[PDB]
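**Student:** Okay, here's the structure, questions in a sec.
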Amino acid sequence: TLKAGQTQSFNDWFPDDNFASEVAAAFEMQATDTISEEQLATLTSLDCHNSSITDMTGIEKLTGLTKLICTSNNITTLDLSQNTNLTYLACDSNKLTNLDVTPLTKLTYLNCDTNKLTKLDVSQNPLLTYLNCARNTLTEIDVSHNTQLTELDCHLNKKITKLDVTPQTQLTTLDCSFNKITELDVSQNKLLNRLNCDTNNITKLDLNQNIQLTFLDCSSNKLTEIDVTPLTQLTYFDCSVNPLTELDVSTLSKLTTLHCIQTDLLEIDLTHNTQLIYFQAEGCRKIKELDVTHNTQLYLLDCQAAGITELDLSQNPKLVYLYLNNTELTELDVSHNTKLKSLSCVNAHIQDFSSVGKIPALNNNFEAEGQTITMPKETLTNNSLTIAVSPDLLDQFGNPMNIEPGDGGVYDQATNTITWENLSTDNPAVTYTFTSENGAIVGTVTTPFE
Ligand SMILES: [Cl-]
């Protein structure tokens, strides 16, 4: 017997006006048109995203539904106990404090991202392939019964301390970022391709079995060491904000992006990463040498704070963005880097900036303030001292710079010397600032005495 049931307006079926109105449009009808229980049951798919819906009461009557999208609404509860034919559920960006999916035994896609869930029970969903409980307030997530899971996103729950994916042998994408995870065993996830476990408390990460990762981000963790040598397919690798002291990327022939910001590395060998486009290594304070000569397609180089006294940029024609601020450089040469839109080398120990004027786009977009130069000491003669202003002090266009002595001292332009009167061994040095006429370059030259 196929019973018709009651026949009434969508507005009478669905108390929420905005919901009734969306269910109506699903049948290409108005909210005030009448429809039967048997008619309502024929709808296999519903999309009411971004509709100002607070209440989904009446959903129990749409029993033919295999797909429900209610994203970007104000829904505080969703009783889906009668919608047992659902295979796809997107209820993300709502105000759900709880969500029961235990009756939905045919469910293969579940997205409840950005809600207020404290528990989530997916143990009755054995066909699950996409679970996304991102941006909830969960403390754990048992996926032990969900063996067909290909993608898991439990990022930004904040309180997750344990994650077990040892049974998820089909996992290709994992995002467990911004939690308190301390151990991640990914050795059974042989098909893994994308891994993001950043912003956790992971101390060890064994990736030896995951030899077909293409994307890896283990940044902001507590990794003392890591072995990426087996991961020959990697194109993007990010291990920033870890206390790693040694990193071996020689096997990563396909690497395009390497981020190792704020790591403790003593050295780094980029010579085999011929395809490298982005190397971002700001705060790699222990590095004292950088050979980017084999990285011929480098588009952006950032090694701020690095202890490099020089940097051979001859082989990097494609460079558009270079960041050398806070380095130990005493020499700069960007003449072969004609694509540069932005150069920055604040707080270095540079004198001659003449190579930068070779690139006219840099005439304006150029910062080189806070230079700190240190000269060999002289002896006094009477209570006085004359010195030659360093000839290497040359600006962007190879012109002299303006000399402002740490004044008791008179700069003589003719002779390009400074003479201070009344100097004391109590205060054992003399200084002068230099500034370029465009104001892009500023520094000091300390000269000790006696
Ligand atoms: Cl009505």
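Following Swiss-Prot, chain A shows residues 53-502, kept in their order.
So how was this one determined? The header says X-ray crystallography, 2.7 Å.
Just so it is clear, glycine is given a Cβ too, placed from its N, Cα and C backbone atoms.
In case it helps, Swiss-Prot gives these features for our protein:
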REPEAT    94-115  repeat 'LRR 1'
REPEAT    116-136  repeat 'LRR 2'
REPEAT    137-157  repeat 'LRR 3'
REPEAT    158-179  repeat 'LRR 4'
REPEAT    180-200  repeat 'LRR 5'
REPEAT    201-221  repeat 'LRR 6'
REPEAT    222-243  repeat 'LRR 7'
REPEAT    244-263  repeat 'LRR 8'
REPEAT    264-284  repeat 'LRR 9'
REPEAT    338-357  repeat 'LRR 12'
REPEAT    359-368  repeat 'LRR 13'
REPEAT    380-402  repeat 'LRR 14'
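Any idea what these are sitting next to in the structure?
**Tutor:** Tertiary neighbourhood of the repeat 'LRR 1' (94-115): same-chain residues 65-68, 70-75, 78-79, 121-137, 142, selected by CB-CB distance under 8 Å and a gap of 6+ residues from either end.
Note on the repeat 'LRR 5' (180-200): residues 144, 159-174, 206-217, 219-222, 227 of its chain, located 6 or more positions outside it, place their CB under 8 angstroms from a CB of the stretch.
Listed as Cβ neighbours of the repeat 'LRR 6' (201-221) (distance under 8 Å, sequence separation of 6 or more from its ends, same chain) are residues 165, 180-195, 227-243, 248.
Outside the repeat 'LRR 7' (222-243), and at least 6 residues removed from its termini, the chain residues within Cβ reach (under 8 Å) are 181, 186, 199-216, 249-264, 269.
Same-chain residues lying 6 or more positions outside the repeat 'LRR 8' (244-263) and placing a CB less than 8 Å from one of its CB atoms are 207, 223-238, 269-276, 278-280, 282-285, 290.
Same-chain neighbours of the repeat 'LRR 12' (338-357): 297, 316-332, 363-380, counting only residues six or more beyond its ends whose CB sits under 8 Å from a CB of the stretch.
Outside the repeat 'LRR 13' (359-368) by six or more residues, the chain places 337-348, 350, 353, 374, 376, 379-386, 388-389 with a CB less than 8 A from a CB of the stretch.
Sequence-remote contacts of a segment are chain residues at least 6 beyond its ends whose Cβ falls under 8 Å from one of its Cβ atoms, and for the repeat 'LRR 14' (380-402) they are 340, 358-363, 365-374, 408, 410-411, 413-414, 417-426, 495.
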